[PDB]
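See structure below.
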Amino acid sequence: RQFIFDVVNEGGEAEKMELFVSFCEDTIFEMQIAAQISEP
Amino acid sequence: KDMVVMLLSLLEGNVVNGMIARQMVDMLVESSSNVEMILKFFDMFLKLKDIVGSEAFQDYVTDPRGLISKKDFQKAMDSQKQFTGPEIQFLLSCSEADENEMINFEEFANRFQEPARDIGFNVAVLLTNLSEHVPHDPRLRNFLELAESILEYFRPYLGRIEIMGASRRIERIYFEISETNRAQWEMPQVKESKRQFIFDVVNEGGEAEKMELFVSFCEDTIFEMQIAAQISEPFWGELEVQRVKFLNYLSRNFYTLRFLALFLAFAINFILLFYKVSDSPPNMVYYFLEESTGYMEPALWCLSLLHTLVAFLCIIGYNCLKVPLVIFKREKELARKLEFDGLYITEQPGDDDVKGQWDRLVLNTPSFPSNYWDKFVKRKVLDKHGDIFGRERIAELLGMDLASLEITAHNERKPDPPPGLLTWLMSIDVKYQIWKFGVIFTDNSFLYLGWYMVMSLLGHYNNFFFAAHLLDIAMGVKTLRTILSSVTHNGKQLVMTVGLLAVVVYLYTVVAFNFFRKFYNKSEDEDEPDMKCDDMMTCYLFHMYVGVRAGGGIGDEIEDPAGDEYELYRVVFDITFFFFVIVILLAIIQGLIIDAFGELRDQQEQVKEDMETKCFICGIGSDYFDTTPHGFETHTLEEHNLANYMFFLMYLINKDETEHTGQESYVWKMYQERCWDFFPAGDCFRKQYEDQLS
Amino acid sequence: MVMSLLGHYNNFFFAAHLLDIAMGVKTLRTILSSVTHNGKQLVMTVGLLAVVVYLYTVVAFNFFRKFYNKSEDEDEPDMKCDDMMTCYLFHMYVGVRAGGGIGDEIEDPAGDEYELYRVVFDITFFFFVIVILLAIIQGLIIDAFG
Amino acid sequence: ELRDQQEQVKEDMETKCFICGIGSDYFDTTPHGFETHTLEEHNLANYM
Amino acid sequence: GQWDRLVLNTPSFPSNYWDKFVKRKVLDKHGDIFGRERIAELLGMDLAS
Ligand SMILES: Nc1ncnc2c1ncn2[C@@H]1O[C@H](COP(=O)(O)OP(=O)(O)OP(=O)(O)O)[C@@H](O)[C@H]1O
Ligand SMILES: Nc1ncnc2c1ncn2[C@@H]1O[C@H](COP(=O)(O)OP(=O)(O)OP(=O)(O)O)[C@@H](O)[C@H]1O
Ligand SMILES: O=c1cc[nH]c(=O)[nH]1
Ligand SMILES: O=c1cc[nH]c(=O)[nH]1
Ligand SMILES: [Ca+2]
Ligand SMILES: [Zn+2]
Ligand SMILES: [Zn+2]
């Protein structure tokens with residue numbers, strides 16, 4: 001939600017897909033962090 | 001280049017997939033080996049120019065003289081992995097080796113750069129022109145790939161615009177942008193001028209005048225680049241060279257002087273904070289600084305003298321930097337209204353326009369177009385309106401000698417220009433200067449700077465007058481000017497609603513003076529009553545001075561009506577005064593300031609939304625262009641860039657008319673006639689050839 | 001953490017941790033963003049208020065000094081405008097916070113040779129400082145909300 | 001509320017024809033098409 | 001950008017970022033033009049390893 005708000009509010013059309021891919025990579029890293037800290 | 005110019009002429013008025021365009025592609029394929037050799041010639045010396053400037057190349061440079069040997073050049077070049085075997089050998093041959101195999105790489109790199117630039121640019125234009133009009137030819141991209149460095153090098157200088165051409169079709173025009181023109185356009189003050197112009201046209205402008213306003217902005221911008229060039233830096237003659245150097249110094253650093261004047265005002269007022277009034281010398285009283293350092297009293301004198309000097313340089317700097325544009329703009333508009341409207345020939349403004357009436361003084365002056373470049377406007381007006389209104393009458397109005405027109409075209413006279421100050425005295429045009437100073441003295445910025453003068457000199461009379469210069473932060477910082485604009489936006493309403501407050505309070509004064517005079521005793525003394533409403537002027541002053549400023553209205557100040565025959569009448573007096581004046585009327589003042597903040601904010605948003613959603617030139621929305629990915633970004637940067645239209649006009653003005661192409665001549669003729677039909681309106685190259693391009 | 005450590009030095013330093021509701025509560029964070037959105041404008045308008053109050057202080061110091069006696073005592077007057085720094089502090093401290101401006105605090109000018117000048121002084125101070133500038137501040141907050 | 005009413009009336013007049021109701025975008029395909037349409041073709045004064 | 005210069009020559013620069021070969025890519029991309037040894041010195045790389 002924060003990413004969507006940021007891009008739609010103060011983003012351009014030329015940088016939109018690059019920002020989206022960067023958000024995807026950051027989300028992928030956060031998923032690894034959450035899996036690491038998760039306990040069985 | 002002459003051969004390529006002829007080839008480009010064959011492409012004038014060429015449609016996509018035209019016969020001539022596809023024939024020219026066939027000729028290039030037929031001579032592909034020779035074209036590649038030509039292209040490989042340009043990239044080899046374009047690559048060489050940057051390689052010699054690289055740090056890795058400088059590692060092999062060991063000779064203290066600044067040279068490099070062929071065997072060292074050989075091992076340095078192939079270490080860059082950009083040339084083949086034969087290409088390095090060819091560069092060795094082109095290098096002018098001495099008997100010692102010593103190579104001067106500084107002159108080698110720059111030997112062919114200048115001579116090959118003109119042909120290199122036209123080859124880039126030719127390939128760009130063909131690639132955009134034969135977009136589906138497989139045999140053409142290899143040339144483009146082989147010319148990648150040539151195209152990349154000339155990309156900043158390859159200006160392209162679209163016009164509605166002679167054939168009733170949208171045409172794409174390729175021209176050259178000089179390095180100086182692009183550099184000047186990127187200057188920070190020019191960019192700020194562009195932003196101001198864009199805001200004005202989009203916000204409070206119409207579509208009919210949009211192109212005429214844009215061209216006029218281009219002409220004003222072109223004139224400012226001339227001013228910036230002059231003031232830029234790389235016994236009569238000895239003083240003159242220093243005088244112009246000094247004036248250009250003030251012009252270049254005008255805004256630093258404005259900042260330093262503002263800082264000088266804050267420093268002075270900080271010292272003024274230490275002032276103290278005492279009966280003893282340091283029944284009339286003495287003002288003196290109170291400090292223990294002892295250095296602040298002389299500092300105020302030095303700071304006061306310095307402040308006046310700096311503010312003086314601001315006026316001189318303004319007259320040399322901003323005034324020429326003001327005179328240029330006024331001369332330009334007067335010239336076009338003389339020729340294309342017959343202002344003083346046909347309509348004759350009726351004394352209600354101080355601008356039109358004041359411009360009658362300059363019409364007959366010998367130096368009327370002093371800043372505006374068209375020194376022949378009087379000739380043009382005479383040829384246009386002379387026959388119907390009388391040549392001798394127009395010549396009298398414009399101060400022209402009809403007998404002197406022919407002799408100037410007969411031959412040219414070379415008189416003696418004596419470099420004497422005495423001969424300079426009668427060479428000034430008195431009537432023009434009186435007109436020019438009236439224009440300057442009606443300029444707001446000059447008047448503000450002139451006001452800054454008077455207060456600064458008055459500060460030496462009394463140092464507390466320097467406090468007025470602290471108001472410069474309204475103009476000093478752009479932020480505070482924005483908040484202050486939110487007050488002056490509804491200024492006419494602010495004064496009117498105050499005047500309404502004056503009338504409403506007056507009505508309450510009339511009622512009080514007739515019925516409630518007992519309650520206006522403002523004296524705690526019992527023998528000397530201070531009647532505040534035994535006179536209308538006193539009662540009216542009382543209601544405005546204490547009634548408005550009171551939190552609960554007039555009922556707060558006047559006597560308590562408890563247990564009186566007029567109690568219920570007086571309570572209605574008070575809560576209506578409190579509601580109408582304190583609650584409602586003051587809310588109107590607050591609402592007007594609040595409304596202006598919203599009103600100004602949406603104006604910024606409306607301009608930024610129109611710019612990002614429609615093309616400034618053609619007016620087609622971004623939705624149409626976004627069908628192609630990044631379509632609107634490409635359209636506004638390459639196809640309909642408004643900067644390139646500015647660059648084209650400068651290109652047209654400098655190019656010799658005998659060298660104008662058919663498309664350049666077409667636009668130049670229409671520009672001279674002030675006809676803006678060549679600007680694409682509602683149409684574009686992408687739209688016209690939708691079937692062929694897609 | 002530093003404030004928590006200082007709370008052991010003095011327990012009243014734990015009051016600073018009550019400010020944590022600004023970021024803990026999203027509603028409070030939004031409300032405070034509605035103030036910090038135009039923070040530069042608010043600081044600039046406060047500076048403009050300081051400048052205009054300074055100008056009024058200069059005028060008062062030059063002309064209206066006799067009205068700044070804030071002592072009901074009769075033989076030792078407490079003149080608030082016999083020094084420019086003291087007069088500026090007095091203005092910025094009492095005139096801004098007064099409902100009707102400086103004229104609420106300073107002496108009544110009735111029956112004086114400078115009566116009209118002083119009433120113009122007071123009325124303009126009230127309109128520019130109390131009304132217009134505070135209205136600017138509240139309008140900035142409302143515009144940030146919008 | 002009063003300010004936007006003035007702006008809405010001004011925006012509607014400059015973006016649509018008072019008579020036929022076709023927007024300015026359609027007419028602007030021809031250069032200055034909407035200006036000509038409202039001045040010569042569908043001028044409301046001429047209907048008066 | 002000035003603070004990011006301290007991490008260029010560190011042996012563990014991409015500790016969290018997964019691309020552990022960014023130095024190799026930068027070398028293969030810019031060593032020919034700006035000097036392989038200079039790039040290796042900038043990025044803290046041993047060319048022999
Ligand atoms: N015909 C046009 N020419 C140029 N820009 C246009 C045109 N029509 C619309 N625009 C818009 O103008 C905007 C401002 O241009 P842009 O931001 O690219 O300029 P700049 O020189 O890079 O600098 P800046 O960011 O200061 O404007 C662009 O985002 C573009 O969408
Ligand atoms: N059918 C229409 N007839 C006339 N004007 C129309 C019509 N539809 C829309 N308009 C708009 O009405 C606006 C007002 O008309 P215009 O400004 O040309 O009138 P005017 O007589 O010159 O004077 P004024 O500026 O006072 O209105 C025009 O800008 C035009 O865009
Ligand atoms: O800038 C210039 C110079 C000469 N003529 C023009 O039309 N413009
Ligand atoms: O998320 C990842 C991990 C490794 N490599 C990538 O490109 N992405
Ligand atoms: Ca010719
Ligand atoms: Zn366009
Ligand atoms: Zn219509």
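The way I read the labels, and the way they are meant: chains A, B, ... in the order of the structure tokens, residue 1 as the first residue of every chain, and ligand 1 as the first ligand shown, with later ones counted on from there.
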Residues within 6 Å of ligand 7, counting only C-alpha atoms and all ligand atoms: report them as a list in words.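 Using only C-alpha atoms and all ligand atoms, everything at most 6 Å from ligand 7 comes to residues 17, 19, 20, 21 and 42 of chain D.
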Output for the residues just chosen: N, CA, C and O atoms as a CSV table (one decimal), in the first residue's frame:
chain,number,residue,atom,x,y,z
D,17,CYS,N,-19.6,23.2,-26.8
D,17,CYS,CA,-20.4,24.2,-27.5
D,17,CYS,C,-21.8,24.3,-26.8
D,17,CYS,O,-22.4,23.3,-26.5
D,19,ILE,N,-24.5,25.2,-28.0
D,19,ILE,CA,-25.7,24.7,-28.8
D,19,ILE,C,-25.7,23.2,-29.0
D,19,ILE,O,-26.6,22.5,-28.6
D,20,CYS,N,-24.6,22.7,-29.7
D,20,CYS,CA,-24.6,21.3,-30.0
D,20,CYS,C,-24.1,20.4,-28.9
D,20,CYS,O,-24.4,19.2,-28.9
D,21,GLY,N,-23.3,20.9,-28.0
D,21,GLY,CA,-22.7,20.1,-26.9
D,21,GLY,C,-21.5,19.3,-27.2
D,21,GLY,O,-21.1,18.6,-26.3
D,42,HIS,N,-21.8,27.8,-34.9
D,42,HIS,CA,-22.8,27.6,-33.8
D,42,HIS,C,-22.8,28.8,-32.8
D,42,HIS,O,-22.9,28.6,-31.6
Q) Quick one: residues within 6 Å of ligand 2, with only C-alpha atoms and all ligand atoms, as number ranges by chain? A) D: 13-14, 16-19, 38, 42-44
Exercise for the section: Would you work out the distance separating atom CA of residue D:26 from atom 5 (N, counted along the ligand's line) of ligand 1, expressed in Å to one decimal? Expected result: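 We find that atom CA of residue D:26 and atom 5 (N, counted along the ligand's line) of ligand 1 lie 23.0 Å from each other.
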Of B:196, B:479, B:167, B:462, the one nearest to ligand 1 when counting only C-alpha atoms and all ligand atoms is B:196
Using DSSP secondary structure from the backbone, list all helix (DSSP H, G or I) positions within stretch 11-42 of chain D, as a count of residues only. 18
- request: Step by step, measure atom-to-atom distances between ligand 1 and each residue using only C-alpha atoms and all ligand atoms, keep those at most 6 Å, then write them as an MDAnalysis selection string.
  value: chainID B and resid 611:612 614:617 636 640:642
Could those selected residues go to a file with N, CA, C and O atoms, as a short mmCIF file (atom, residue, chain, number, x, y, z; two decimals), in the first residue's frame?
data_model
loop_
_atom_site.label_atom_id
_atom_site.label_comp_id
_atom_site.auth_asym_id
_atom_site.auth_seq_id
_atom_site.Cartn_x
_atom_site.Cartn_y
_atom_site.Cartn_z
N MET B 611 0.50 20.26 -18.35
CA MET B 611 1.78 19.99 -18.99
C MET B 611 2.03 18.50 -19.15
O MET B 611 2.54 18.06 -20.19
N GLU B 612 1.67 17.70 -18.15
CA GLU B 612 1.93 16.27 -18.17
C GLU B 612 0.84 15.46 -18.85
O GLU B 612 0.99 14.24 -18.99
N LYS B 614 -1.11 16.94 -21.80
CA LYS B 614 -1.28 17.37 -23.18
C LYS B 614 0.04 17.90 -23.71
O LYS B 614 0.90 18.35 -22.94
N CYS B 615 0.20 17.85 -25.02
CA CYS B 615 1.37 18.45 -25.65
C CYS B 615 1.18 19.96 -25.74
O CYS B 615 0.13 20.45 -26.17
N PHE B 616 2.21 20.69 -25.32
CA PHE B 616 2.15 22.15 -25.35
C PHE B 616 1.99 22.69 -26.77
O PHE B 616 1.41 23.77 -26.94
N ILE B 617 2.46 21.96 -27.77
CA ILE B 617 2.44 22.46 -29.15
C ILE B 617 1.16 22.01 -29.85
O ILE B 617 0.35 22.84 -30.26
N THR B 636 7.14 14.54 -26.44
CA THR B 636 7.47 15.85 -25.89
C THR B 636 8.97 16.11 -25.85
O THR B 636 9.37 17.27 -25.68
N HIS B 640 7.79 17.05 -30.60
CA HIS B 640 7.21 18.37 -30.41
C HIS B 640 7.82 19.08 -29.21
O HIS B 640 7.11 19.69 -28.40
N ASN B 641 9.13 19.00 -29.07
CA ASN B 641 9.81 19.69 -27.98
C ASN B 641 9.76 21.20 -28.22
O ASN B 641 10.19 21.69 -29.26
N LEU B 642 9.24 21.93 -27.23
CA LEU B 642 9.11 23.38 -27.39
C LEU B 642 10.47 24.06 -27.38
O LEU B 642 10.61 25.17 -27.92
#
*Leaving out residue A:3 and any residue of its chain fewer than 5 positions from it, which residues lie within 12 Å of it when counting only C-alpha atoms, given as a list in words?*
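My reading of the contact set: residues 8, 9, 10, 11, 16, 19, 20, 21, 22, 23, 24, 26 and 27 of chain A.
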Collect all residues with atoms no farther than 12 Å from ligand 6, counting only C-alpha atoms and all ligand atoms, and output them as a ChimeraX atom specification.
/B:161-164,170,611-622,624-625,631-642,645,679-687
If the cut-off is 9 Å, can you tell me the residues of chain B near chain E, counting only C-alpha atoms? I'd like them as a PyMOL selection string.
chain B and resi 51+54-57+59+79-82
Keeping only N, CA, C and O atoms, write those residues as a PDB file, in the first residue's frame.
ATOM      1  N   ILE B  51      39.539   8.481 -26.528  1.00  0.00           N
ATOM      2  CA  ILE B  51      40.530   7.559 -25.983  1.00  0.00           C
ATOM      3  C   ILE B  51      41.746   8.315 -25.464  1.00  0.00           C
ATOM      4  O   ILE B  51      42.248   8.030 -24.371  1.00  0.00           O
ATOM      5  N   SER B  54      41.352   9.574 -22.103  1.00  0.00           N
ATOM      6  CA  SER B  54      41.116   8.616 -21.037  1.00  0.00           C
ATOM      7  C   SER B  54      42.342   8.489 -20.138  1.00  0.00           C
ATOM      8  O   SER B  54      43.481   8.722 -20.552  1.00  0.00           O
ATOM      9  N   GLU B  55      42.089   8.112 -18.884  1.00  0.00           N
ATOM     10  CA  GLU B  55      43.178   7.930 -17.930  1.00  0.00           C
ATOM     11  C   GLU B  55      44.029   6.721 -18.289  1.00  0.00           C
ATOM     12  O   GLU B  55      45.250   6.735 -18.092  1.00  0.00           O
ATOM     13  N   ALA B  56      43.403   5.663 -18.809  1.00  0.00           N
ATOM     14  CA  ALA B  56      44.152   4.466 -19.174  1.00  0.00           C
ATOM     15  C   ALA B  56      45.161   4.763 -20.274  1.00  0.00           C
ATOM     16  O   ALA B  56      46.262   4.199 -20.287  1.00  0.00           O
ATOM     17  N   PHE B  57      44.803   5.643 -21.211  1.00  0.00           N
ATOM     18  CA  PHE B  57      45.758   6.055 -22.233  1.00  0.00           C
ATOM     19  C   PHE B  57      46.907   6.845 -21.622  1.00  0.00           C
ATOM     20  O   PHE B  57      48.057   6.720 -22.058  1.00  0.00           O
ATOM     21  N   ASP B  59      48.350   6.392 -18.898  1.00  0.00           N
ATOM     22  CA  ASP B  59      49.323   5.520 -18.251  1.00  0.00           C
ATOM     23  C   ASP B  59      50.502   5.224 -19.165  1.00  0.00           C
ATOM     24  O   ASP B  59      51.652   5.213 -18.712  1.00  0.00           O
ATOM     25  N   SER B  79      45.127  -2.271 -25.990  1.00  0.00           N
ATOM     26  CA  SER B  79      44.719  -2.474 -24.607  1.00  0.00           C
ATOM     27  C   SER B  79      43.341  -1.895 -24.331  1.00  0.00           C
ATOM     28  O   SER B  79      42.743  -2.212 -23.298  1.00  0.00           O
ATOM     29  N   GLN B  80      42.831  -1.047 -25.223  1.00  0.00           N
ATOM     30  CA  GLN B  80      41.500  -0.483 -25.064  1.00  0.00           C
ATOM     31  C   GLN B  80      40.419  -1.384 -25.643  1.00  0.00           C
ATOM     32  O   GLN B  80      39.238  -1.180 -25.346  1.00  0.00           O
ATOM     33  N   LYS B  81      40.802  -2.371 -26.457  1.00  0.00           N
ATOM     34  CA  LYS B  81      39.873  -3.348 -27.029  1.00  0.00           C
ATOM     35  C   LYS B  81      38.727  -2.672 -27.777  1.00  0.00           C
ATOM     36  O   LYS B  81      37.565  -3.061 -27.650  1.00  0.00           O
ATOM     37  N   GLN B  82      39.054  -1.654 -28.567  1.00  0.00           N
ATOM     38  CA  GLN B  82      38.063  -0.955 -29.373  1.00  0.00           C
ATOM     39  C   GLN B  82      38.391  -0.912 -30.855  1.00  0.00           C
ATOM     40  O   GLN B  82      37.505  -0.611 -31.656  1.00  0.00           O
TER      41      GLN B  82
END
Computed interatomic separation between atom CA of residue B:120 and atom CA of residue B:4 (Å) |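 According to the coordinates, atom CA of residue B:120 and atom CA of residue B:4 are separated by 10.2 Å.
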Please return as a PDB file with N, CA, C and O atoms, in the first residue's frame the residues found within 7 Å of ligand 3, counting only C-alpha atoms and all ligand atoms.
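Okay, result.pdb is ready:
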ATOM      1  N   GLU B 219      11.472  35.262 -28.813  1.00  0.00           N
ATOM      2  CA  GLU B 219      12.203  36.465 -29.194  1.00  0.00           C
ATOM      3  C   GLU B 219      12.781  37.175 -27.978  1.00  0.00           C
ATOM      4  O   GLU B 219      13.914  37.666 -28.022  1.00  0.00           O
ATOM      5  N   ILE B 222      15.709  35.080 -26.884  1.00  0.00           N
ATOM      6  CA  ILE B 222      16.840  35.292 -27.775  1.00  0.00           C
ATOM      7  C   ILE B 222      17.588  36.564 -27.419  1.00  0.00           C
ATOM      8  O   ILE B 222      18.822  36.587 -27.449  1.00  0.00           O
ATOM      9  N   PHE B 223      16.868  37.626 -27.071  1.00  0.00           N
ATOM     10  CA  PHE B 223      17.480  38.891 -26.690  1.00  0.00           C
ATOM     11  C   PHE B 223      18.224  38.788 -25.364  1.00  0.00           C
ATOM     12  O   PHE B 223      19.276  39.409 -25.192  1.00  0.00           O
ATOM     13  N   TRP B 373      15.570  44.718 -32.788  1.00  0.00           N
ATOM     14  CA  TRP B 373      16.539  44.548 -33.864  1.00  0.00           C
ATOM     15  C   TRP B 373      16.058  45.086 -35.202  1.00  0.00           C
ATOM     16  O   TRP B 373      16.892  45.433 -36.045  1.00  0.00           O
ATOM     17  N   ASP B 374      14.748  45.159 -35.426  1.00  0.00           N
ATOM     18  CA  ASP B 374      14.218  45.573 -36.724  1.00  0.00           C
ATOM     19  C   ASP B 374      14.394  47.080 -36.863  1.00  0.00           C
ATOM     20  O   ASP B 374      13.539  47.884 -36.486  1.00  0.00           O
ATOM     21  N   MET B 650      16.169  30.438 -33.792  1.00  0.00           N
ATOM     22  CA  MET B 650      17.530  30.960 -33.748  1.00  0.00           C
ATOM     23  C   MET B 650      18.341  30.454 -34.931  1.00  0.00           C
ATOM     24  O   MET B 650      19.165  31.186 -35.489  1.00  0.00           O
ATOM     25  N   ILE B 653      17.274  32.534 -37.986  1.00  0.00           N
ATOM     26  CA  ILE B 653      17.766  33.905 -37.954  1.00  0.00           C
ATOM     27  C   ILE B 653      19.226  34.017 -38.357  1.00  0.00           C
ATOM     28  O   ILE B 653      19.593  34.961 -39.065  1.00  0.00           O
TER      29      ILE B 653
END
(request) Name the residues in contact with residue B:519 at a cut-off of 12 Å, using only C-alpha atoms, excluding same-chain residues fewer than 5 positions from it; report them as a list in words. (result) residues 512, 513, 514, 529, 530, 531, 532, 533, 534, 539, 554, 555, 556, 557, 558, 559, 560, 561, 562, 564, 566, 567 and 570 of chain B
Practice prompt. Please check which protein, DNA or RNA residues sit within 9 Å of ligand 5, counting only C-alpha atoms and all ligand atoms, and write them as a PyMOL selection string.
Written response: chain B and resi 656-662
Per residue of chain E within 9 Å of ligand 4, which atom pair is closest and at what distance in Å (one decimal), using only C-alpha atoms and all ligand atoms, listed by chain and increasing number, as JSON lines?
{"residue": "E:17", "atom": "CA", "partner": "ligand 4", "partner_atom_place_in_ligand_line": "3 (C)", "distance": 8.3}
{"residue": "E:18", "atom": "CA", "partner": "ligand 4", "partner_atom_place_in_ligand_line": "4 (C)", "distance": 5.4}
{"residue": "E:19", "atom": "CA", "partner": "ligand 4", "partner_atom_place_in_ligand_line": "5 (N)", "distance": 6.3}
Dump as a Markdown table the rows for residues of chain A within 12 Å of chain E: closest atom pair and distance in Å with one decimal, only C-alpha atoms counted, ordered by chain and rising residue number.
| residue | atom | partner | partner_atom | distance |
| --- | --- | --- | --- | --- |
| A:25 | CA | E:17 | CA | 10.0 |
| A:26 | CA | E:17 | CA | 10.0 |
| A:28 | CA | E:18 | CA | 11.1 |
| A:29 | CA | E:17 | CA | 8.8 |
| A:30 | CA | E:16 | CA | 11.3 |
| A:32 | CA | E:16 | CA | 11.1 |
| A:33 | CA | E:16 | CA | 10.7 |
Using the selection just defined, write its residues with C-alpha atoms as a short mmCIF file (atom, residue, chain, number, x, y, z; two decimals), in the first residue's frame.
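Wrote it out as selection-v3.cif, contents follow:
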data_model
loop_
_atom_site.label_atom_id
_atom_site.label_comp_id
_atom_site.auth_asym_id
_atom_site.auth_seq_id
_atom_site.Cartn_x
_atom_site.Cartn_y
_atom_site.Cartn_z
CA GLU A 25 13.13 -7.21 -5.05
CA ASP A 26 12.80 -5.52 -1.65
CA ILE A 28 11.56 -10.73 -1.93
CA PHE A 29 14.30 -9.85 0.55
CA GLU A 30 11.78 -9.11 3.30
CA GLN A 32 13.57 -14.14 3.28
CA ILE A 33 13.99 -12.12 6.48
#
Q: Please measure the separation of atom CA of residue B:155 and atom CA of residue B:179, giving the value in Å to one decimal.
A: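 Separation between atom CA of residue B:155 and atom CA of residue B:179: 11.8 Å.
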(message) Using only C-alpha atoms and a distance of at most 7 Å, pull out the residues of chain C that contact chain B, as a ChimeraX atom specification.
(response) /C:44,55,82-85,99-100,119,123,135-136,139,143
Put those residues in a file: C-alpha atoms, as a compact mmCIF listing (two decimals), in the first residue's frame.
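Once everything was written out, this is out-v4.txt:
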# COMPACT_ATOMS: atom_id res chain seq x y z
CA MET C 44 8.54 31.64 7.37
CA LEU C 55 8.93 47.39 12.81
CA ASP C 82 13.30 52.68 27.31
CA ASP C 83 15.48 50.05 25.62
CA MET C 84 14.93 48.67 22.13
CA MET C 85 15.60 45.08 23.19
CA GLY C 99 -6.62 39.65 22.00
CA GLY C 100 -6.62 43.21 20.71
CA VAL C 119 -5.06 54.52 17.41
CA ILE C 123 -5.58 49.15 14.83
CA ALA C 135 -5.25 33.56 9.95
CA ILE C 136 -2.37 32.65 7.62
CA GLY C 139 -5.15 28.56 6.78
CA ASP C 143 -4.83 23.67 3.42
Leaving out residue E:9 and any residue of its chain fewer than 2 positions from it, which residues lie within 9 Å of it when counting only C-alpha atoms, given as an NGL selection string? :E and (5-7 or 11-13 or 40-45)
